[PDB]
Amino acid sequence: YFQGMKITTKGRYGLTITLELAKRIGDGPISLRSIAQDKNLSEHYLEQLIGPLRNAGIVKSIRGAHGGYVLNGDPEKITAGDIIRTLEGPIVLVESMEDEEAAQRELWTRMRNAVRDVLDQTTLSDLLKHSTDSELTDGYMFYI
């Protein structure tokens, strides 16, 4: 039972996969078994996430004994939104109550625009550099 908006293991492990493929560009196909072993994840579960990524053109498969997956594009052009919205269902930032009026909805509109823009403008390259101070002195919570 986790806190904050619903971004599940599908999006998160999707990110793990595409980031590892982004790190290893130029090393040939990378197997899901190797990513699974490296990150202590279920290979069988990753095999279920790789399909939507492949079908959306984010990764490509190479069959055979030396096969696996490669990133299918520039990490400087592929976004966090590309990956997350491929693997997650619709993610609700906030729900408006029935009695709410326009003034309150404007706040939700702005918050939604803001987060959506982060997804749409942050690239795999941005993430691999990870140069913004998280400000988490400890723990795992991102408080607004």
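Throughout, we count residues from 1 along the sequence that is shown.
Look at the C-alpha B-factors of 48-56 and of 98-106. On average they run higher in 98-106. For the pair 129-137 and 12-20, the record assigns the higher mean C-alpha temperature factor to 129-137. Per the deposited record, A65 carries the highest C-alpha B-factor of all listed residues (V70, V118, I84, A65).
Ranked within its chain, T79 lands in the lowest third, by CA B factor from the PDB record. Sort the chain's modelled residues by C-alpha temperature factor and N40 lands in the highest third, per the entry.
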